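Chemist:
There are 2 protein chains.
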Amino acid sequence: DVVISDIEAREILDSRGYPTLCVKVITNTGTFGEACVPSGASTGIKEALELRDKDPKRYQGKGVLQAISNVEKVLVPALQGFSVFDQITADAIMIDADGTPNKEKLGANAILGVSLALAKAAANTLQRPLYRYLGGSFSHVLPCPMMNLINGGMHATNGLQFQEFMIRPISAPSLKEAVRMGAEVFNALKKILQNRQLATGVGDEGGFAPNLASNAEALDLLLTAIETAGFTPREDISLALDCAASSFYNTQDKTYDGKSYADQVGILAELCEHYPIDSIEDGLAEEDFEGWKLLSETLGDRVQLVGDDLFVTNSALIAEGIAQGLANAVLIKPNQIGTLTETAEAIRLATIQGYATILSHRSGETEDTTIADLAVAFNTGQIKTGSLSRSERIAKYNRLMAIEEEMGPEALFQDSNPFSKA
Amino acid sequence: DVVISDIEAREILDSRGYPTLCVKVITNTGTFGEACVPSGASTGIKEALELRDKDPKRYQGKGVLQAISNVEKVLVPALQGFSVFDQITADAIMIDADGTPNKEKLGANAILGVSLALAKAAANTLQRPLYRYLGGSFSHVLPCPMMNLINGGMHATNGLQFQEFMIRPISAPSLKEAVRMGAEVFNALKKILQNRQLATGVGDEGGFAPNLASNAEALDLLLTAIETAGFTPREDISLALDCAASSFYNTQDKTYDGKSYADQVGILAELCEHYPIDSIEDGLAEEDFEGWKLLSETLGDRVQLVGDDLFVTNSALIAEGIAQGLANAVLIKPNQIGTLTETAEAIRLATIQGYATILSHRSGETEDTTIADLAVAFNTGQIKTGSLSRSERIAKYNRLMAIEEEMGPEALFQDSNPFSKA
Ligand SMILES: [Cl-]
Ligand SMILES: [Mg+2]
Ligand SMILES: [Mg+2]
Ligand SMILES: [Mg+2]
Ligand SMILES: [Mg+2]
Ligand SMILES: [Mg+2]
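One line per chain: the protein sequences are A and B, in this order. Quick note: to get the numbering used here, add 2 to the position in the first sequence (first position is 1). Quick note: to get the numbering used here, add 2 to the position in the second sequence (first position is 1).
1. Using a Cβ-Cβ cut-off of less than 7 Å, list which residues of the stretch 169-200 of chain B approach chain A; keep chain order.
2. Can a CB atom of chain A be found closer than 8 Å to the CB of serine 393 of chain B?
3. Which of the three DSSP states is assigned to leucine 286 of chain A in this structure?
4. Taking 7 Å as the cut-off, does the CB of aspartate 265 of chain B come closer than this to any heavy atom belonging to ligand 6?
5. At least one CB of chain B closer than 8 Å to the CB of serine 17 of chain A: is that the case?
6. Which residues mark the beginning and the end of the beta strand (DSSP E) in which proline 79 of chain B is found?
7. By alpha-carbon positions, which one of A:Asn30, A:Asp255 and A:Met96 ends up nearest to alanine 124 of chain A?
8. Taking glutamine 163 of chain B as part of the alpha helix (DSSP H), name the residues at either end of that continuous run.
9. Over what stretch of residues does the beta strand (DSSP E) that includes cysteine 24 of chain B continue unbroken?
10. For chain D, is any of its Cβ atoms less than 8 Å away from the one on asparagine 400 of chain B?
11. Comparing C-alpha positions only, which one of A:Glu52, A:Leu120, A:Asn150 and A:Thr257 sits nearest to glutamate 283 of chain A?
12. With a threshold of 8 Å between beta carbons, is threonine 31 of chain B in contact with chain A?
13. Count the other CB atoms, across all protein chains shown, that sit within 10 Å of the CB of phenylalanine 313 of chain B; report buried if there are 16 or more and exposed otherwise.
14. Output the distance between the C-alpha atoms of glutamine 129 of chain A and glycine 63 of chain B, rounded to the nearest integer angstrom.
15. Roughly how many whole angstroms lie between the Cα atoms of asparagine 252 of chain A and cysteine 245 of chain A?
16. Could you check what DSSP says for residue 436 of chain B in three-state terms: helix, strand or coil?
17. Any idea if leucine 414 of chain B is buried or exposed, counting beta-carbon neighbours within 10 angstroms, 16 or more meaning buried?
18. What residue from A:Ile354, A:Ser422, A:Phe250 and A:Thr341 has the CA that sits closest to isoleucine 97 of chain A's CA?
19. Does the Cβ-Cβ distance between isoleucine 360 of chain B and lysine 386 of chain B come in under 8 Å?
20. I want to see whether chain B comes within less than 8 Å of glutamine 62 of chain A, judged by CB atoms only; does it?
21. Would you call the stretch 361-368 of chain A and the stretch 324-340 of chain B touching, i.e. three or more CB-CB distances under 8 Å?
22. Compute the Euclidean distance between the alpha carbons of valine 187 of chain A and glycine 285 of chain B, then round it to the nearest angstrom.
23. Which residues in chain A sit within 7 Å of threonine 159 of chain B, going by Cβ to Cβ distance?
24. Looking at chain B, is there any beta carbon in it that lies within less than 8 Å of the beta carbon of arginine 130 of chain A?
25. To the nearest angstrom, report how far apart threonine 202 of chain A and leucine 136 of chain B are at their CA atoms.
26. So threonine 368 of chain B packs on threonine 22 of chain B, CB below 8 Å; how close in whole Å?
27. Please classify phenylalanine 140 of chain B as buried or exposed, where buried requires at least 16 other C-beta atoms within 10 Å of its C-beta.
28. Listed from N- to C-terminal order along the chain, which residues in the stretch 361-391 of chain A have their beta-carbon within a distance smaller than 7 Å of any beta-carbon of chain B?
29. Can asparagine 213 of chain B be considered in contact with ligand 1, in the sense that its beta carbon sits closer than 7 Å to one or more heavy atoms?
30. Pull up the distance between the alpha-carbon of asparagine 104 of chain A and that of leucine 114 of chain A, whole angstroms please.
31. Along the chain, where does the alpha helix (DSSP H) that runs through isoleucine 373 of chain A open and close?
32. Does the beta carbon of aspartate 259 of chain B fall short of 7 Å from some heavy atom of ligand 4?
33. Relative to the C-alpha of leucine 132 of chain B, which residue among B:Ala37, B:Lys48 and B:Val308 is closest?
34. Looking at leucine 200 of chain B and ligand 7, is the gap between the Cβ and the nearest heavy atom below 7 Å?
35. For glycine 205 of chain A, which residues in chain B fall below 7 Å Cβ to Cβ?
36. Verify the contact flag: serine 362 of chain B, CB atom, against every heavy atom of ligand 4, threshold strictly below 7 Å.
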């Protein structure tokens with residue numbers, strides 16, 4: 003039997019230049035797996051706790067030496083000798099060792115580092131693909147990506163209200179071709195921006211961050227780039243939004259930059275009337291029940307409505323929201339909950355209720371590509387992992403292309419958005 | 003007797019969203035190594051040929067299917083059965099198979115992909131660190147980085163004349179501390195720019211790309227960021243430039259945006275008098291003999307003078323330039339010449355003449371981290387691998403920190419710039 007022998011953890015930087023951890027789980031046979039932990043910027047209030055050192059003289063308080071210490075001093079003795087293959091058991095051990103609902107004692111970043119690295123150690127021990135180890139023999143669906151080509155909100159300093167302006171290459175016959183379509187639209191957009199004397203520096207997720215007059219102008223630019231690249235909007239490539247509305251929600255006044263939730267739903271409904279948008283993420287704030295209810299009644303039968311901060315990849319919140327008729331899709335961010343076991347259960351509970359799930363990066367990413375394998379492992383049919391620049395995004399597309407090529411005739415590229423324009 | 007059994011190649015995207023290759027060399031025992039190939043923007047005219055497909059309907063003609071085909075159909079038969087450890091032999095076989103000085107038949111990108119992946123396959127077969135396999139048992143010097151925090155030239159569309167404005171954290175006692183210092187300055191600079199209503203979108207190498215009035219303004223901003231992070235300019239952190247002067251050299255009349263080579267040397271001398279610059283790369287254009295001679299006579303005993311396009315990692319040009327008294331350091335970019343064997347010889351010929359060498363990324367990078375191992379393998383003492391955002395840069399810093407920790411008490415962090423401000 004192959005068991006956990008040691009766990010190493012080290013401080014690296016993420017794609018924004020902030021500390022995070024890389025964790026390596028080592029077995030008694032010398033096999034190992036290694037994973038790094040991402041970090042959000044527009045973090046939901048109910049996300050599991052990312053533990054930072056708060057040393058003001060070191061990385062402006064953002065070190066993760068304490069989380070690393072917790073891996074080495076607490077999680078190692080708790081996990082040594084347990085089977086590398088008993089993923090659920092190990093995740094339960096770490097949850098119990100922390101003992102708090104939001105993983106505040108040890109840190110969700112410490113625990114997730116181990117959780118991801120453990121699964122890789124087990125797959126590497128078997129010499130099997132991670133997506134097959136995690137998802138079984140019938141993991142075979144490549145996800146349709148939503149690609150964030152213009153960045154705003156907390157991912158830039160351009161004053162753009164919405165956070166993410168995305169394209170979805172829904173007519174692609176393969177993931178490899180979806181990547182090409184997105185890359186050709188992205189670089190057509192760069193030239194369009196340059197000719198308009200607009201900035202081509204990229205924001206945190208690799209999309210351009212120009213100063214624009216409105217959310218609509220960003221959607222206009224995406225349409226122009228789609229057509230300039232030779233594709234047909236709606237037919238070949240549709241549009242998607244992450245408003246990340248909690249970022250501009252005044253909880254005291256209950257206003258979205260001055261707008262009531264009714265006004266904000268009307269704004270979103272108008273955008274869907276005029277643009278080929280087939281998905282809207284976090285259109286209302288994380289705890290605005292009346293707003294989400296009205297959004298779901300208004301658009302929930304015609305557009306994908308993605309809860310991100312609404313659900314924070316949390317099985318209990320997902321069940322609660324589904325029971326209340328809120329949204330129809332769930333963004334899946336493993337570090338919002340802190341273990342792969344809880345990530346899998348969030349996917350399972352949403353899926354059996356007819357909700358789509360979308361594996362997602364964070365705005366602070368690493369060279370880790372685990373979410374590519376996760377999207378295929380669970381046959382989710384959708385992924386959100388960034389623009390077509392910056393290799394903390396590109397590496398996931400490269401990994402998806404490798405998975406697709408490896409599977410050969412087993413692979414199926416298929417969008418799971420039932421409201422797709424195709 | 004472990005020999006080459008197969009070579010796979012696949013098309014991925016680089017950090018700019020353009021195609022490149024990743025190559026996997028497989029031995030008869032099943033061990034393997036994999037490497038990806040970077041791509042420059044401000045490419046010297048004497049660089050070995052990057053082979054592109056030129057199909058206008060696919061990635062705007064930038065596919066690398068032909069280079070991949072050359073790996074699979076030409077380099078596989080030429081290399082099958084040769085020892086995985088005979089690196090010089092394999093590189094010579096590939097050079098002979100192409101048969102042209104600049105690797106124009108098969109592509110320097112096809113050849114380098116194999117060259118890098120082969121060395122990794124050999125190191126992986128021995129279960130030894132790549133830097134020890136390549137450099138031997140006394141590879142132990144960690145490089146002082148020069149970190150490109152404000153991007154201009156061909157790496158941005160901001161109209162900034164010089165290409166790279168860098169800091170060097172010369173008071174760091176370790177590479178991991180150099181990384182911290184750079185990250186703290188970078189994120190201080192982000193707030194400074196935002197408070198000045200300047201853009202914080204990043205250029206190709208992860209440095210900010212605001213619209214500035216002059217090269218001097220970018221240097222002023224670096225100084226302000228160093229001071230704002232609580233570091234002392236000159237003592238803790240010095241400055242460096244890559245002018246990439248070929249990018250603004252008019253070959254019709256041999257001037258630098260209108261200035262003579264003597265004017266341009268005078269401009270650089272004045273910058274060195276007013277700013278704590280201890281290194282200037284490609285201050286004159288790649289074939290400007292009189293300019294480089296005057297620069298070397300004027301500043302060559304006071305500041306590091308780095309030839310990049312001047313030498314294109316080419317042993318014969320390095321020997322000739324040294325014989326002419328030009329520059330005092332060489333930038334080392336493996337894909338400018340196309341094999342590791344020729345990369346190592348470029349380093350050797352420069353080093354024995356007292357020139358420093360600096361391992362370098364390209365502006366189009368990947369998740370590959372080979373240049374981190376190369377900088378340590380050859381004890382170069384200096385590396386140039388980007389700003390503190392975008393993980394195609396950060397991954398090299400992470401790899402260097404891993405190497406440093408792995409070596410324990412063997413590690414020595416040491417700047418090889420003999421003109422350093424400290
Ligand atoms: Cl600006
Ligand atoms: Mg968010
Ligand atoms: Mg979101
Ligand atoms: Mg260049
Ligand atoms: Mg060129
Ligand atoms: Mg250069």
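All C-beta atoms in this analysis are idealised placements derived from N, C-alpha and C, irrespective of residue type, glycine included.
Modeler: Once the coordinates are examined:
1. Hits within the stretch, in order: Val181, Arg182, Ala185, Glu186, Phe188, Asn189 and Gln196.
2. Yes, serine 393 of chain B counts as interfacial toward chain A.
3. Three-state result, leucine 286 of chain A: coil.
4. Short note on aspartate 265 of chain B: C-beta not closer than 7 Å to any heavy atom of ligand 6.
5. At least one chain B Cβ lies under 8 Å of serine 17 of chain A.
6. Premise fails: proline 79 of chain B lies in the alpha helix (DSSP H), 78-81, not in any beta strand (DSSP E).
7. Looking only at A:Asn30, A:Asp255 and A:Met96, the smallest Cα-Cα distance to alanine 124 of chain A is reached by A:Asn30.
8. Boundaries cannot be given for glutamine 163 of chain B, as no alpha helix (DSSP H) includes it and DSSP labels it neither H nor E.
9. It spans 21-29 - the beta strand (DSSP E) in which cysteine 24 of chain B sits, taken as one unbroken run.
10. Any reference to chain D falls outside this structure, whose protein chains are A and B.
11. Of A:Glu52, A:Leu120, A:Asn150 and A:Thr257, the smallest CA-CA separation from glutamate 283 of chain A is found for A:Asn150.
12. Taking Cβ atoms only, chain A never reaches closer than 8 Å to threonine 31 of chain B, which makes this a no.
13. Buried, since its Cβ has 16 or more Cβ neighbours within 10 Å.
14. C-alpha separation (whole angstroms): 38 Å.
15. Going by the C-alpha atoms only, they are around 15 Å apart.
16. Nothing about residue 436 of chain B can be read from this structure; chain B reaches only from 3 to 424.
17. Exposed is the label assigned to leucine 414 of chain B, since fewer than 16 other Cβ atoms lie within 10 Å of its Cβ.
18. For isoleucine 97 of chain A, the nearest C-alpha among the options comes from A:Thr341.
19. For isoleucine 360 of chain B and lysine 386 of chain B, yes; Cβs fall inside 8 Å.
20. With 8 Å as the cut-off, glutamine 62 of chain A counts as an interface residue toward chain B.
21. Contact between the stretch 361-368 of chain A and the stretch 324-340 of chain B is absent: fewer than three C-beta pairs spanning the two stretches fall below 8 Å.
22. Distance between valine 187 of chain A and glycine 285 of chain B, taken at the CA atoms: about 36 Å.
23. One finds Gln196 and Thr202 in chain A with Cβ atoms closer than 7 Å to the Cβ of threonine 159 of chain B, taken in chain order.
24. The C-beta of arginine 130 of chain A comes no closer than 8 Å to any C-beta of chain B.
25. CA-CA distance, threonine 202 of chain A to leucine 136 of chain B, rounds to 39 Å.
26. Yes, they are in contact, since the Cβ atoms of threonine 368 of chain B and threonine 22 of chain B sit about 6 Å apart, within 8 Å.
27. The residue in question, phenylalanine 140 of chain B, is exposed, as its Cβ has fewer than 16 Cβ neighbours within 10 Å.
28. Taking 7 Å as the cut-off between beta carbons, the residues of the stretch 361-391 of chain A near chain B are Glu367, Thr368, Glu369, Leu390 and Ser391, in sequence order.
29. Checking every heavy atom of ligand 1 against the Cβ of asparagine 213 of chain B, one is found closer than 7 Å.
30. One alpha carbon belongs to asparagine 104 of chain A, the other to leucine 114 of chain A, and they sit about 12 Å apart.
31. Note, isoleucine 373 of chain A: alpha helix (DSSP H), 372-379.
32. Every heavy atom of ligand 4 is 7 Å or more from the Cβ of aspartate 259 of chain B, so no.
33. Out of B:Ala37, B:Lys48 and B:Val308, B:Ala37 has the C-alpha closest to the C-alpha of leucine 132 of chain B.
34. As for ligand 7, it is missing from this structure, which binds only ligand 1, ligand 2, ligand 3, ligand 4, ligand 5 and ligand 6.
35. In chain order: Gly203.
36. Result no, Cβ not under 7 Å from ligand 4.
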